[PDB]
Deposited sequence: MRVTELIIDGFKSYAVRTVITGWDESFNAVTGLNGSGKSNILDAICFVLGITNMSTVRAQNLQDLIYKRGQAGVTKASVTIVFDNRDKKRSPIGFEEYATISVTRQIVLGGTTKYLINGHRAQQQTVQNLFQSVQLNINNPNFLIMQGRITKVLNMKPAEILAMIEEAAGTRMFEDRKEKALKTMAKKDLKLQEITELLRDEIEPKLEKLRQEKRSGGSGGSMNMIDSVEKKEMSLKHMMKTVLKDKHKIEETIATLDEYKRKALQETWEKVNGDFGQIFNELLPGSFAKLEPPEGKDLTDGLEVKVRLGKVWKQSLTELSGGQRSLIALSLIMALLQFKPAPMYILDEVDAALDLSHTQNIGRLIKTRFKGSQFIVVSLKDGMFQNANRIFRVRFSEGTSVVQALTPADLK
């Protein structure tokens, strides 16, 4: 799936039906000086996707999202996303028969909302299942990168960064075999405790009494031989489980080691493309192990720096962005949104982001919402927004356009 069309009707600053068509399969930028008109395009997208962790499309009464809150001749709102669905390997399950898929979300007076799929009424859960089947995880969005995530990554502790790498390793789905092994061992341990309980409370006291008639001694003495032979065989069965667990802990540590090397390699190459001549790596802090966590180390130019605090604002954004993007491959999504990440960035830096997208993220659709104007001017498709007449208007352009 990839966005081909977005229609915004009676929603926030978009008073009149606005058909925004021509979305590029790889790289779109939303630009211009109309801050509200730009941001409302992202709002409209997140509103249809059902994003619940974005304050700008959240309200006690969603009538607030209708243009002028329903008081200026528009009493309903509608947003539609149209997706191309020709690539059947990336189709939502259960919708493969559609060459295109449209999802519409409506607001009426009072704030109740409804959904349509391909123009027909649809349950909210049907819409959410569709998006989740193509890895647009509305529950915990992987595909939306805001300034807050950049700041959060910049402030993570070594333990928190290693958590990301552990999380990316994909070995908690490995863990299922480990905890099945653990309780087949706990059952083995249980038998050992009841073997020693029998000896302690029953066999050994009786043998000591019988030894201080003569046929009863050897009857109990054989039972002490029985459970001893049993205790031995249980210990060795339990040991085979201990080896099984030892091998899964080994697979765990190798998978993480491999993930660390993959992320660290991509992270440093990405940062070198966003800040040419520079480099970065993920390393344990100093004289510490890998499971005490990983910290970001930066080489500005050819010189390694002791702390991230020594980087400019723009360099800091680029290093966090490079790590975020190096990790996308482990929770991949068919579209990615970079929302207003350019506050501290030069124009050359944002041009570098565009070439990174075009060369390294083929097969995904990027949508970049520019904070400043004049950035991301090499995007394959440019949507330029400005203010007029109590309604936003959108120009659809390319870098090759004369106007």
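Novice: What stretches of this chain's deposited sequence are missing C-alpha coordinates?
Specialist: Unmodelled stretch: 213-221 only.
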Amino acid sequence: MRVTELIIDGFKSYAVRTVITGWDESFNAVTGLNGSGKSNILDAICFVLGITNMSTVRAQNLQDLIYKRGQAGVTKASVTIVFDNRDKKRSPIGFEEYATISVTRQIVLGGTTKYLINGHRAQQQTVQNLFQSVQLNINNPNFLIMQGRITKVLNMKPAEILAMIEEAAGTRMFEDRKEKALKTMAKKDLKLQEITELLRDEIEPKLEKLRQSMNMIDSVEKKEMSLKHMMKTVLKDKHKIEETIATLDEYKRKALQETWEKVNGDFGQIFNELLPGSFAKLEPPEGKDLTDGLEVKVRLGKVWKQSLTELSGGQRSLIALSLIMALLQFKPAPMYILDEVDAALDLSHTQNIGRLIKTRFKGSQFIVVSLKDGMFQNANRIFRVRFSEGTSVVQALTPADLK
From here on, numbers count along this sequence of modelled residues.
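Novice: Between 166-174 and 268-276, which has the higher average C-alpha B-factor in the PDB entry?
Specialist: Result of the comparison: 166-174.
Novice: Quick check: 144-152 versus 249-257, which has the larger average CA B-factor in the record?
Specialist: If you average the C-alpha B-factors of 249-257 and of 144-152, the larger mean comes out for 249-257.
Novice: If I read the C-alpha B-factors straight from the PDB entry, which of 12, 381, 386, 17 is highest?
Specialist: Highest C-alpha B-factor among the listed residues goes to 386.
Novice: Go through 213, 102, 193, 113 one by one and give the residue whose Cα B-factor in the PDB entry is largest.
Specialist: Among 213, 102, 193, 113, the PDB entry lists the largest C-alpha B-factor for 213.
Novice: Among the modelled residues of its chain, does the C-alpha B-factor of residue 188 lie in the lowest, middle or highest third?
Specialist: As the PDB entry reports it, the C-alpha B-factor of residue 188 lands in the highest third of its chain.
Novice: Ordered by C-alpha B-factor within the chain, which third holds residue 330? Give me lowest, middle or highest, please.
Specialist: Middle third, going by the recorded CA B-factors of the chain.
Novice: Pull the Cα B-factor of residue 83 out of the PDB entry and bin it into the chain's lowest, middle or highest third.
Specialist: It falls in the bottom third of the chain.
Novice: Of the three thirds of its chain by CA temperature factor, lowest, middle or highest, which one includes residue 50?
Specialist: According to the entry, residue 50 has a C-alpha B-factor in the chain's lowest third.
Novice: Determine, from the deposited record, the chain-internal third of the Cα B-factor for residue 338: lowest, middle or highest.
Specialist: Its C-alpha B-factor, which the entry lists for residue 338, ranks in the lowest third among residues of this chain.
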